[PDB]
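Have a look below at one chain only, the form deposited in one PDB entry, in structure tokens format.
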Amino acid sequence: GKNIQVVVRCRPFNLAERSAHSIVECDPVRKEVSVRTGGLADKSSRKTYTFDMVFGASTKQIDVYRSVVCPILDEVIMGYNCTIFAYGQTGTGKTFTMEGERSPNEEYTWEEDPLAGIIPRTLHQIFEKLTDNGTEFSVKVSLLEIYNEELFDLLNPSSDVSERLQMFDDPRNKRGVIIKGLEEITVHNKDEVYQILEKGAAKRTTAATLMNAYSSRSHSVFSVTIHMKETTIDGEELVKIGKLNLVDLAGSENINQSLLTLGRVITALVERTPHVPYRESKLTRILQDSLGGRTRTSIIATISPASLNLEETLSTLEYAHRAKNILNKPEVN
């Protein structure tokens, strides 16, 4: 098989956009997204697509999590490598979804903030779930940013802020690679996560001021690895290793080698062309497994309601729809 998952999430209007009206309507039950392509004179022309899941503007973070992220976490705990990423135009919610936002004036703890996104939630759930099944386990996390074909580690303490790091192909996995010098931190309890993110958050900032049009132009890849012990009825011991990669892509509005290449790889997979160009960009190289690989991958494509962004929105959905045909064969480690 076995197919990958694509879901669409559309954000609500800004204060700013309030005074417009939407051309996008998502009907979750039917799993469709409809966009009005006509402008002011047609109103009846629509483009509609069907995705595995569709989340409208009414959707809270919690819902997104339960709907797509939870199931994935189950798999990760079983030993699968899972990748989830966000794709969309800038300003449409990728960053929000994957990481979320922290509400102001400590109203909520990090754990209960409802603006929190997938990453922090995921980190939280992991400790809960794992802890609740007894068993020895450990968590390692890493975060890297890819800007302009250069990789920067956001968790490194080093004052060698932008030391480019190097990757090599990994022999153990033919579709994978290792990044030498990438810091991986072992997180021992839920109480250490926030500190990491925050730290990570800061370092990203520095780099922002280290280079041109950052946020919107680079990709961030967050990864968690989990090793859990299990015992069979026969005393044989099992070790499961699972990895979840959560990535926040660069705006689809777009030096952009990683993104282009990605589109290219996708086309190749979908069309069956004999040689697929994973090697052409740093990003595709690390996500090779995800696309046509051994991992289960989910893509969240985020779009916006505003009339203004119609062309981008349409393209975002086109892209998403066609990615639905990638096939992966998920396997357990």
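Basically, rigid core = biggest C-alpha set you can superpose within 1.5 Å across the two forms. Numbers follow the displayed sequence, beginning with 1.
Just so you know, the form deposited with a small molecule bound exists too; it's not on screen, but the next bit is about it.
A residue is said to contact a partner when one of its heavy atoms sits within 4.5 Å of a partner heavy atom; residue 87 meets this definition for the small molecule in the deposited complex. Shown alone here, residue 320 lies within 4.5 Å of the small molecule in the deposited complex, counting heavy atoms only. When the small molecule is considered in the deposited complex, residue 262 lines it closely, a heavy atom lying within 4.5 Å. The small molecule is not shown here, but in the deposited complex it comes within 4.5 Å of a heavy atom of residue 299. Heavy atoms within 4.5 Å of the small molecule in the deposited complex are found in one stretch of 22-30, 42-50, 66-74, 262-270, which is 262-270. Site residues 81, 83 and 247 are none of them in contact with the small molecule in the deposited complex, judged by any heavy atom within 4.5 Å. Among the candidates 140, 199, 240, 175, displacement between the shown form and the other one reaches 2 angstroms at the C-alpha for one position only, 175 (superposition on the rigid core).
Once both forms are fitted on their rigid core, the CA atom of residue 115 lies 2 Å or more apart between the shown form and the other one. Inter-residue distance, residue 115 to residue 83 (Cα): reduced by at least 3 Å in the deposited complex versus the depicted form.
In comparison with the shown form, the Cα-Cα distance of residue 115 and residue 84 decreases by at least 3 angstroms in the deposited complex.
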